[PDB]
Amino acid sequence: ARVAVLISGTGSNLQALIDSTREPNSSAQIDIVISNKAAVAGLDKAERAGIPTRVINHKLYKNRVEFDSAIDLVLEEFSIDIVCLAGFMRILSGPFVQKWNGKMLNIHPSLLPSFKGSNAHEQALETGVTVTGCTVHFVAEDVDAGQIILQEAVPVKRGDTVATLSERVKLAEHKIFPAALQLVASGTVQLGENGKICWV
């Protein structure tokens, strides 16, 4: 299966996916990396790995649908089968999500359904949980509400900050995102016709 990875920043999740998809038994190949932001470290990581990159600046588009259309054009250019959102921070439009239904995965740094949104660690710390984690899910129109593929729990230590908690949770993200991508790319896991996860 042919994979696009969408990023907005550092790209540690991208790097873990590069490493995993290059293992001999990988059912996935990363063929394009798309950032909505110029000059982020994730682009350097892609270039170092010899993977093509595109920058599609959302600020240059009148609305989400036009921006998503520009992304979709590149996905078609590279005959992409599966999209991974890896630190990509834009909400995607309904029609784009529908087109890619069952083919698009996101990593989120909480145990969904807790702490949806862009500041999950801030929320986890404010709430005072002692266990947080990360989630890979299929992307549905409602943000962070699509079907869960894998999760991993991560402890919150007393005195944690976003810096220390995010660091600990990223170690888990780097395990479950490659594992989830392999499950979907191999056809082991799919989004069922009933909209529920199906393990074949």
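Numbering starts at 1 and runs along the sequence shown. Take the two forms, find the largest set of C-alpha atoms that superpose within 1.5 Å, and that set is the rigid core.
| Divergent stretch in 9 other deposited structures of this protein, 97 to 105 or 122 to 130 [C-alpha RMS, superposed by the core] | The more displaced stretch in 9 other deposited structures of this protein turns out to be 122 to 130.
| task | Output the stretch, either 110 to 118 or 78 to 86, that has more C-alpha displacement from this form in 9 other deposited structures of this protein following superposition by the rigid core. | result | So, of the two stretches, the farther one in 9 other deposited structures of this protein is 110 to 118.
| task | Using the B-factors recorded in the PDB entry, average over the C-alpha atoms of 116 to 124 and of 70 to 78, then report which stretch comes out higher. | result | Result: 70 to 78.
| Per the PDB record, is the mean Cα temperature factor higher over 191 to 199 or over 3 to 11? | So the stretch with the higher mean C-alpha B-factor is 191 to 199.
| field | Residue with highest C-alpha B-factor in the PDB entry, from 163, 171, 153, 40 | value | In the PDB entry, the greatest C-alpha B-factor among 163, 171, 153, 40 is found at 40.
| task | Determine which member of 144, 31, 167, 44 has the highest CA B-factor, using the values in the deposited entry. | result | Max CA B-factor in the entry, restricted to 144, 31, 167, 44: 44.
| task | Divide the modelled residues of the chain into thirds by Cα B-factor and specify which third, lowest, middle or highest, holds residue 131. | result | As the PDB entry reports it, the C-alpha B-factor of residue 131 lands in the lowest third of its chain.
| request: Pull the Cα B-factor of residue 109 out of the PDB entry and bin it into the chain's lowest, middle or highest third. | output: Answer is lowest: the recorded C-alpha B-factor places it there.
| What third of its chain's C-alpha B-factors does residue 55 belong to: lowest, middle or highest? | According to the entry, residue 55 has a C-alpha B-factor in the chain's highest third.
| request: Using the B-factors in the PDB entry, rank residue 140's C-alpha atom against the chain and give the third, lowest, middle or highest. | output: For residue 140, whose C-alpha B-factor we compare with every modelled residue in the chain, the answer is the middle third.
| field | Chain-wide C-alpha B factor ranking for residue 157, given as lowest, middle or highest third | value | Tercile = middle for this residue's CA B-factor.
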